[PDB]
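Q: first piece of the complex, coordinates kept as in the full assembly:
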Amino acid sequence: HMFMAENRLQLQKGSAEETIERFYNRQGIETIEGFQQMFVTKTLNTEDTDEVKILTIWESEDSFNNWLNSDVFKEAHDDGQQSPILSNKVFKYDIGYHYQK
């Protein structure tokens, strides 16, 4: 039923505070039918690197795919600066149970 997509980013240890806020940009994700929620998290107590996750909740995986194929997605997405992002991966999940007070 409900679907969750995760964009897991590994950053240079300590670079989260200065890098993270950029991921708070929705960039029109809420204009996609089926989009429900978005969370941007920073993992506590990591030592090797800083870990940032962008979680998006959808009514279905089709909704998510439509987002990927949308124009708002296409539109979205100092020189020489070494990037703070070490890895960028995507994971997909079926939400088997959800409850909101």
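A: Happy to help now that I have it. Numbers count the residues shown, from 1 in each chain, chains lettered A, B, ... in the order given.

Q: drop to CA atoms for contacts and neighbour counts, all remaining ones
A: Fine.

Q: in the strand or helix carrying residue A:52, what counts as buried?
A: Here residue A:52 is covered by strand A:50-58, with elements defined by DSSP states H and E. Using 16 or more other CA atoms under 10 Å as the test for burial, strand A:50-58 gives A:50, A:51, A:52, A:53, A:54, A:55, A:56, A:57, A:58.

Q: verify the stated contact: the fourth one with residue A:42.
A: Yes. Taking contact to mean CA atoms under 8 Å, the distance of 6.6 Å between residue A:53 and residue A:42 places them in contact.

Q: between these two, which contacts overlap?
A: Both residue A:53 and residue A:42 lack any common contact, where contact means CA atoms under 8 Å, 6 or more residues apart in numbering.

Q: do you know how far the residue of chain A most remote from its centre is from residue A:47?
A: The centre of chain A is farthest from one residue, residue A:80, which by CA atoms, centre = their mean lies 25.2 Å away. According to CA to CA, to the nearest Å, residue A:80 and residue A:47 sit 26 Å apart.

Q: now residue A:5
A: Using CA to CA, residue A:5 is found at 25 Å from residue A:47.

Q: quick one on the thing from earlier: secondary structure element holding the residue farthest from the centre of chain A?
A: Per DSSP H and E, residue A:80 falls between elements, in no helix or strand.

Q: for the residue nearest the centre of chain A, give its distance to residue A:82.
A: When CA atoms, centre = their mean is applied to chain A, the residue found nearest the centroid is residue A:54 (2.3 Å). Look at residue A:54 and residue A:82: by CA to CA, they are 22 Å apart.

Q: cool, residue A:66 as well?
A: 33 Å.

Q: any idea what residue A:56 is bridged to?
A: With DSSP bridges as the criterion, residue A:56 is bridged to residue A:5, residue A:38.

Q: throw chain B onto that model:
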Amino acid sequence: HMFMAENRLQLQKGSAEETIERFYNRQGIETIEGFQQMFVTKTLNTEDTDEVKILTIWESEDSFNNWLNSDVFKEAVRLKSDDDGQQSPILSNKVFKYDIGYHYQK
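A: If we add chain B to the chains shown above, we get the following:
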């Protein structure tokens, strides 16, 4: 600000669905001041094992801690399809905690 706790379960392949069923019973979590949401997920496209995550969203970490030390938690599962004594095929149960820097709900 907002806080997310995660219980990450590695499971015998094929047991994801049954395991999520054991979590339909929130065991009074919503009675805790600060509790906001719960998500129980199954990781897609895994090969040799299953993965289920129990994510709980809170107003603060203190709220989450209050749940763990609450009477409802300390006093709170078996499925109808279980044989007496059957165990959830858990390979590992790990805990992770997160600060939620941003949240948006349509």
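
Q: follow-up on the earlier one: hmm, who's touching the strand holding residue A:52?
A: With contact meaning CA atoms under 8 Å, 6 or more residues apart in numbering or on different chains, strand A:50-58 is reached by A:2-16, A:20, A:23, A:34-43, A:64.

Q: for the nearest residue to residue A:98 once chain neighbours are set aside, grab the count of nearby residues.
A: The spatial neighbour of residue A:98 that comes closest, neighbours along the chain excluded (CA to CA, 6 or more residues apart in numbering or on different chains), is residue B:39 at 4.6 Å. Residue B:39 has 20 neighbours, counted by other CA atoms under 10 Å in any protein chain shown.

Q: tell me what angle the longest strand along chain A forms with strand B:35-43.
A: Ranked by number of residues, the top strand in chain A under DSSP state E is strand A:85-100. Strand A:85-100 runs at 120 degrees relative to strand B:35-43, counting by axes from the mean of the first three to the mean of the last three CA atoms, to 10 degrees.

Q: direction included, what does strand A:85-100 pair up with?
A: Here, using DSSP bridges, strand A:85-100 pairs with strand A:3-11 (antiparallel), strand B:35-43 (antiparallel).

Q: I'd say residue A:95 and residue A:3 touch.
A: Yes. Between residue A:95 and residue A:3 there is a contact under CA under 8 Å: 5.5 Å.

Q: show me the contacts for residue A:99.
A: Contacts of residue A:99 by CA under 8 Å, 6+ apart are B:37, B:38, B:39.

Q: rerun that using 10 Å as the cut-off
A: Shown in contact with residue A:99 (CA atoms under 10 Å, 6 or more residues apart in numbering or on different chains): B:24, B:26, B:30, B:36, B:37, B:38, B:39, B:40, B:56.
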